[PDB]
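Remarks on the structure that follows.
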Amino acid sequence: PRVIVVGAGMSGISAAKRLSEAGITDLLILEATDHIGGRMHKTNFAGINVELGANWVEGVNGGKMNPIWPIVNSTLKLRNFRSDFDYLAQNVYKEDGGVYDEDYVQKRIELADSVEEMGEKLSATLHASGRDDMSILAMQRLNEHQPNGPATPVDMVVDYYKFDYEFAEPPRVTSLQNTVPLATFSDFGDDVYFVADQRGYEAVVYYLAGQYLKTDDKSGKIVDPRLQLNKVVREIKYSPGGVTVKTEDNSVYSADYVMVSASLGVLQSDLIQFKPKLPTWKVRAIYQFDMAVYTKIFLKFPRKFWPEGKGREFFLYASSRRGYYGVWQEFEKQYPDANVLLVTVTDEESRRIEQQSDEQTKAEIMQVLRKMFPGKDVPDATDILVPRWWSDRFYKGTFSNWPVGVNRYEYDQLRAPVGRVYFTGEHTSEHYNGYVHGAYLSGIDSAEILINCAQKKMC
Amino acid sequence: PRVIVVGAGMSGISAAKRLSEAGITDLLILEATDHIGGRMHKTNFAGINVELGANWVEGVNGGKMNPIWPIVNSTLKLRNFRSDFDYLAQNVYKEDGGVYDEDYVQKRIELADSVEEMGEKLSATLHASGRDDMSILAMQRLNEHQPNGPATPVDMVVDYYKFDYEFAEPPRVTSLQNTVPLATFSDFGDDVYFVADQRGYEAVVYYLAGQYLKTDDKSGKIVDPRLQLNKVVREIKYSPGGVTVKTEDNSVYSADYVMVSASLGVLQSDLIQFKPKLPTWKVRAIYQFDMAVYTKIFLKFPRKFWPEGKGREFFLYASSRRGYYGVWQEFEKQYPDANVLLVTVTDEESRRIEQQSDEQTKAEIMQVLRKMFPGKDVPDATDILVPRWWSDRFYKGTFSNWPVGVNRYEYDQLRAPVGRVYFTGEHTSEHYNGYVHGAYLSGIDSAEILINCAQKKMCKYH
Amino acid sequence: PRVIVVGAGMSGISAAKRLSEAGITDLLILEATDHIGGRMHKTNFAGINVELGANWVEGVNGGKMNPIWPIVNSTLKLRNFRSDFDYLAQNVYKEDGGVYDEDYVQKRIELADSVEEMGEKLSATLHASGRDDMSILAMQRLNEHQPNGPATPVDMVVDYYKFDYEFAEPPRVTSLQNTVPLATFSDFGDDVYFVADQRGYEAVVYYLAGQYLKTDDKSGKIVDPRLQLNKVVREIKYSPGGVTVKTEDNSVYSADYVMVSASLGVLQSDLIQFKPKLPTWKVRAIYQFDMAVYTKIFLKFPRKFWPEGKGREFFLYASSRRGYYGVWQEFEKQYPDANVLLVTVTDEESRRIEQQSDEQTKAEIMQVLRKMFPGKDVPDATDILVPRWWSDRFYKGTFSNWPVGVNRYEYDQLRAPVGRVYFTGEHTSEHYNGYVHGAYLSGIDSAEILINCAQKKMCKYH
Ligand SMILES: *[C@@H]1O[C@H](CO)[C@@H](O[C@@H]2O[C@H](CO)[C@@H](O[C@@H]3O[C@H](CO[C@H]4O[C@H](CO)[C@@H](O)[C@H](O)[C@@H]4O)[C@@H](O)[C@H](O)[C@@H]3O)[C@H](O)[C@H]2NC(C)=O)[C@H](O[C@H]2O[C@H](C)[C@H](O)[C@H](O)[C@H]2O)[C@H]1NC(C)=O
Ligand SMILES: Cc1cc2nc3c(=O)[nH]c(=O)nc-3n(C[C@H](O)[C@H](O)[C@H](O)COP(=O)(O)OP(=O)(O)OC[C@H]3O[C@@H](n4cnc5c(N)ncnc54)[C@H](O)[C@@H]3O)c2cc1C
Ligand SMILES: Cc1cc2nc3c(=O)[nH]c(=O)nc-3n(C[C@H](O)[C@H](O)[C@H](O)COP(=O)(O)OP(=O)(O)OC[C@H]3O[C@@H](n4cnc5c(N)ncnc54)[C@H](O)[C@@H]3O)c2cc1C
Ligand SMILES: Cc1cc2nc3c(=O)[nH]c(=O)nc-3n(C[C@H](O)[C@H](O)[C@H](O)COP(=O)(O)OP(=O)(O)OC[C@H]3O[C@@H](n4cnc5c(N)ncnc54)[C@H](O)[C@@H]3O)c2cc1C
Ligand SMILES: *[C@@H]1O[C@H](CO)[C@@H](O[C@@H]2O[C@H](CO)[C@@H](O)[C@H](O)[C@H]2NC(C)=O)[C@H](O)[C@H]1NC(C)=O
Ligand SMILES: *[C@@H]1O[C@H](CO)[C@@H](O[C@@H]2O[C@H](CO)[C@@H](O)[C@H](O)[C@H]2NC(C)=O)[C@H](O)[C@H]1NC(C)=O
Ligand SMILES: C=C=CCNCCCCNCC=C=C
Ligand SMILES: C=C=CCNCCCCNCC=C=C
Ligand SMILES: C=C=CCNCCCCNCC=C=C
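Residue numbers (this note's numbering), protein chains in the order written: chain V, 921 to 1379; chain R, 4 to 465; chain L, 4 to 465.
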């Protein structure tokens, strides 16, 4: 059968590979941008390539092997380092200057960790139907016996590092049942490894694609005509007998099936019109799940003014405004001597920031840094890079997050095909939504579902 | 039967009134503070009494009469005014000065309203168990077809005005099925009346209490020994045979039953120790419902610099920071010539603000005001009042809000009695949680359950 | 809670009775016609009351007691007769006259019955999801090894008697899995008893109604104002908090819940407007199930011309046109001096006949009877009664039938409530759709689900 795959991110390339392995080689991959890789994507900043999207292989060293790890660490050997979060208690900055006492902070972290552990015990006892689920915040209130969760600046920043920095939305919106504990770490292991290689974390996608798509023997560039870049799909028409896909440039293509891999945000946006309209059950499951936004703001300075050394890689700023420029990282190992800092924001701060100029964002950040390092002469940053994933029509966010209210059955409806229209992508990953390995395994699983239906008539 | 009622806010006074009516007059009302009324409470601000807590009679002029309305508007004649929100579109300020064009704003308001109406239709069809509920935000996404709800400055303050200003928590955390549409408005009417009387909205509670408690002939002060102020209940021991209640000053009282009317926030804080410990099912029901916080910040100025006139009562500040000093009210009718303004904040901003000085909050507000009225000479406020309800141990918030995740049966577990211990209060109102009328009706309903057990020997709950 | 019950047929009355027993007595039953009983309804014909709708208590003498049986045979002692179909082989008339040879017909019946028995065995092994279901006709081809089901006149009329005369649609549309074997007979017994009493089979419903509705001490008539006749519901508005129902006479009623007992056929028609519209899942379940039509044409003649005697009660006409005036009943036992015959038609023929005049129908029937009894001087019938259930807007058919294509899950979606809107009626009976006992039991079942939701706050999800 002929199958059109919409999108050449990790899931689309992964699904097309699996299909090709089943012998379905009459594929046509239509990608909106001028390149493959989607959310795994590097860029030049301050004369070095940094990741705008995914940056870590998460879940390493555990009971099962994360399928992405071997490719990154053995097949391609991309340069990488295990992140160590053990010294955060020594690096929490006060809103007005200097760090807090490490012992006080270590005890707040312990209290937070302990509450989360009680939440893991509780989650284990909830019903599979989801009828007793609750937000992580409700679990925090119950376990601490209070009418509110973390509320002082230090407790809030600790809370934000533990939850929002992973999920990109606050604990009060997040499903406890479906995030605590999290399968990625329970299955693959607790460590995470930061990829810092000039070829980019995206190399993994190019490696996979080259195992079945044709590449130039000199270039190494993909030249297979089954891959067409700059093809923005805007309409998908389907019937019991086949499908037609129209692109923004006016091309029109036909196939027996279409495998949609565009992000959940794209599907919530209407960029692609389905005709007929997707059924209500599908539409509701789509709008109930969340597409989160995690913004990596890179900054480059004329000189270093922050600490370097053991345990100095990650540091937090405890603002009285929750989530305001709170989580920082410095790259003494990754980008020795570059004078770059990375501050991450999400959700509401991400949408506000994407809406204002880089200069204005730079100015707000300089004010925070100056409060943090009152003893230093802090130079203004020389360059800033603000990724605008939520504003980009081909992504509309960075990764899905599971909200309280959606149960496993409704989440599974996200994966479900509609006639001949199949779906894949990180938001269809059975237990790894939000991750690169989740996009990868989702392409394989979605392809298998289509192969069984198409080749064995077992749908 | 002797019954102890913990708390003399509206639901406790109302529950005690109903018991007394059923002839259960061997009552003891234990109130933590030095006064009755609870969350209906006024205070002197710069020379005028303003309400720290409830301020409106909400739900008036509809198909059924809100029971609070006749007392306010006819029995006591408390001075009051209908709030008119029809002119908001002419009163939305830009982050950086001046108002937006009216027609531009009106269209955003009309789109917001249309999404909500579409949400009311969805809501009516959801399974009664609450199992298919979703947040108000999810419904907005569905209806606007976007991966986010309102996100530009003007659409966000319109959203805040429509939802946070009523519920005190954002749409994304709030239950669609239980708040859209809202029974208070569907049943009692769409209008709301702001009480602005020197005697305070709490006069309604003093009135009900007086229908059954003895009062001093000249002062009208309640003197009945069945009401005991300054008595904070710290422990409730209950058994098959009865209950014992201990206060902080060590008093100990016994009764056949106890009716607890302390807020959900108090129950979530463990101020009262139950012995034996409440059942796990009850404990979980308590923690899963939300106790919201709504902070009315009052400001007094040496002279006026904002507009007055038709449609000027309410105005919004479209900050690029959602919920930042967004909803303003000026008092040309309520407190004429006092030069007072009221900005309301909720939730995360309330918690932040209660934790810092009033001077710091006043200076943040002066920057906002000077940005809104750049052509005026905006003098610094000479007085400010920041109510700290979340910090007050006898309240721990302002009113409950039904979150996504709590279902119908879980809400019933929140109300359910445990042995001889009954619960009452706005958080136990089936359809009016969060309101003065919900506390009033919840008092009568809880009392009736107790009366059935006590007088009809029908002791099984649901 | 206040509950409005739409319709006073067996299920509405049965539901209201069960609610009343749970103590829910604030009920309002709105019935479209001027009487209760619905599809159980008698009429005077030829000076005798005959049944226009149900006439048998089906499923008797089995392992479990059909709940209607005791009311009929013991509490009311309605006059009744066991129907005996054992002599059919002696009473099959050829298209042009005279009966076929008994031995020949018995052989054809024996074959039809053995193909059905093989269908029951196949049915038992089909997957519960309904994925392997097939029509009864497909099972017949498989078992007979032929490219068609019964196709000669005698085989066709035996087939119509065995299936259409029960289900009111042909084997090719009927689900094998859900009708062969049929629960009513497997649970309650293989016998059937024809009710022939002047008080009517509807007395069963009048008896249940009188157990909780007030009746005049003299007239015995129901006089409870909770029952209101001539109220045609045309709109049902519902929200998360209650419902409003408006009747064609323009009255408007309000309640907490509504229990809809009108027929599937009425729900498929547009008689009652739901606001908001019912959800797509619900509307699809409604239109996928079938509402069949079974038309009992009674004829009165001036003298008898057909045989009377052992085995003569039921006879068949083997027309070469399937289903054409094929199953007849003579009433020597029931109405001995009447001279009345009953011919039953269903489905396509019922729809055709309801649309033409009684005179044209009578003329068609006289041509058939004159061909069946060529040796007799057949008199013209002097009266005929054609019931028009499909044309009646308050019924739109006679009883639901389960078609191939619908599985249990989808059938259950017919019974499922939508918010505060509940449904009851024979088409919601878990295992006895199409019968009086099914209507009766569905009323109790539906009521209990509403009682758990409303009283116990436990709204069952599946
Ligand atoms: C619907 O109702 C009718 C009416 O009520 C049923 O018929 C009545 O059923 C009684 C149930 O058995 C029946 O019973 C009794 O009769 C026996 C025997 O009578 C004589 O024989 C005795 C022993 O040889 C002798 O000792 C005695 O003196 C008599 O000569 C007696 O032992 C029982 O104690 C009892 O009184 C009635 O006679 C009968 N009346 C009529 C008018 O039919 C009917 O029942 C059906 O089922 C029973 C099992 C029996 O087969 C009936 O004949 C049959 O009609 C019932 N139908 C259903 C389907 O429920
Ligand atoms: C800022 C950020 C940080 C993250 N951090 C990490 C991390 O450190 N580790 C980790 O494991 N995960 C992380 N993630 C998550 C991870 O990157 C994603 O889960 C994964 O890459 C998503 O792959 P996908 O194929 O599902 O979707 P995508 O990569 O979005 O691929 C979909 C493709 O479809 C294309 N497309 C969209 N619309 C159309 C259209 N109309 N027509 C044609 N093509 C279209 C897009 O251009 C894209 O190429 C991060 C992601 C981001 C963005
Ligand atoms: C800022 C704010 C704004 C609001 N706006 C409005 C509005 O405009 N309109 C509206 O309808 N509603 C509004 N509400 C809600 C309304 O005020 C409440 O729903 C209602 O007043 C609550 O009455 P209650 O009896 O349930 O609780 P409470 O009024 O809290 O009464 C409980 C009583 O128990 C006492 N107590 C607590 N712990 C103990 C103890 N351990 N022992 C003894 N006594 C104890 C407390 O002091 C209090 O008197 C608002 C409330 C607030 C605070
Ligand atoms: C011709 C025929 C033969 C049958 N043969 C038998 C048999 O022998 N044995 C057997 O067991 N079963 C048989 N049945 C089926 C059995 O009669 C029905 O299953 C049963 O009586 C249906 O009861 P109900 O309460 O579900 O519906 P109904 O009896 O239809 O009750 C619904 C009530 O709703 C009223 N209504 C409709 N629309 C409105 C409105 N808009 N507003 C208000 N009220 C409204 C109707 O008037 C009616 O009274 C037969 C039925 C018919 C019609
Ligand atoms: C990631 O890959 C490196 C490289 O292959 C691993 O470091 C090698 O590991 C083997 C295993 O016994 C040694 O014999 C080599 O000497 C190692 N090379 C170096 C430079 O130490 C490393 O352990 C890998 N990490 C994970 C988590 O797999
Ligand atoms: C609030 O109370 C005032 C006080 O009685 C009401 O205004 C009276 O209303 C009756 C009713 O139609 C009149 O006959 C009186 O003349 C009115 N008095 C005045 C001063 O106008 C008023 O309608 C009430 N408002 C509401 C919403 O009930
Ligand atoms: C390590 C580290 C720092 C955080 N970056 C992890 C973001 C991965 C997003 N996936 C989460 C799932 C969801 C929602
Ligand atoms: C009118 C007006 C302006 C807003 N003040 C009313 C807050 C009443 C709180 N109860 C809502 C329910 C919940 C949660
Ligand atoms: C006995 C006899 C004669 C046939 N009359 C009974 C009709 C009962 C209708 N219900 C069957 C279910 C279906 C569909």
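A virtual CB, placed ideally from N, CA and C, is assigned to each residue, including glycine.
How would you label residue i, buried or exposed, when you count the other beta carbons within 10 angstroms and need 16 or more for buried?
i                            : result
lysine 299 (chain R)         : buried
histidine 955 (chain V)      : exposed
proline 1323 (chain V)       : buried
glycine 1018 (chain V)       : exposed
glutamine 1208 (chain V)     : buried
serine 264 (chain R)         : buried
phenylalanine 1251 (chain V) : buried
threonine 364 (chain R)      : buried
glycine 979 (chain V)        : buried
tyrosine 107 (chain L)       : exposed
Along chain L, which residues have their Cβ under 9 Å away from the Cβ of residue i?
i                        : result
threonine 1200 (chain V) : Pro282, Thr283 and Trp284
Taking C-beta pairs closer than 8 Å, name the residues in chain R that residue i reaches, listed in chain order.
i                      : result
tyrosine 464 (chain L) : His130, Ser132 and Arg134
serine 242 (chain L)   : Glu123, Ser126, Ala127, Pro184 and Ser189
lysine 459 (chain L)   : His465
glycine 422 (chain L)  : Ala127, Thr128, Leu129, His130 and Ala131
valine 1180 (chain V)  : None at all; the shortest Cβ gap to chain R is about 16 Å.
Using a Cβ cut-off of 7 Å, pull out every chain V residue sitting near residue i, in sequence order please.
i                      : result
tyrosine 290 (chain R) : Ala1058, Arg1061 and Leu1062
Just to confirm before moving on: does the CB-CB distance between residue i and residue j stay below 8 Å?
i                      : j                        : result
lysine 1296 (chain V)  : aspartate 1107 (chain V) : no
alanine 1238 (chain V) : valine 1125 (chain V)    : no
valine 343 (chain R)   : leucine 281 (chain R)    : no
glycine 152 (chain R)  : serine 1055 (chain V)    : no
Report the neighbours of residue i on chain L: residues whose CB is nearer than 7 Å to its CB, in chain order.
i                       : result
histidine 430 (chain R) : Within 7 Å Cβ-Cβ: nothing; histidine 430 (chain R) doesn't reach chain L, min ~16 Å.
Who are the neighbours of residue i on chain V, taking C-beta pairs under 9 Å?
i                    : result
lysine 365 (chain R) : Under the 9 Å cutoff, chain V gives no residues; its nearest Cβ is about 16 Å from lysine 365 (chain R).
Can you list the residues of chain R that residue i reaches, using a CB-CB cut of under 7 Å?
i                        : result
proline 279 (chain L)    : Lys124, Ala127 and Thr128
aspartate 1332 (chain V) : Going along chain R, no residue has its Cβ under 7 Å from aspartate 1332 (chain V), so there is no contact; the nearest lies around 15 Å.
Would the region 15-34 of chain L count as touching the region 445-460 of chain L if we require 3 or more Cβ pairs under 8 Å? yes
Three or more beta-carbon pairs under 8 Å between the region 942-950 of chain V and the region 1147-1167 of chain V, yes or no? yes
Segment contact flag, the region 1111-1120 of chain V with the region 975-994 of chain V, C-beta cutoff 8 Å, min 3 pairs: yes
Just checking, does the region 1195-1208 of chain V make contact with the region 1280-1295 of chain V on the three C-beta pairs under 8 Å criterion? Counting Cβ pairs under 8 Å, fewer than three are found: no touch.
When the Cβ atoms of the region 1176-1190 of chain V are set against those of the region 1150-1163 of chain V, are three or more pairs found closer than 8 Å? yes
Cβ contact check for the region 178-185 of chain L and the region 122-129 of chain L: 3 or more pairs under 8 Å: With contact defined as three or more Cβ pairs closer than 8 Å, the region 178-185 of chain L and the region 122-129 of chain L are in contact.
Using 8 Å as the Cβ pair cut-off and three pairs as the minimum, do the region 302-315 of chain R and the region 146-154 of chain R touch? no
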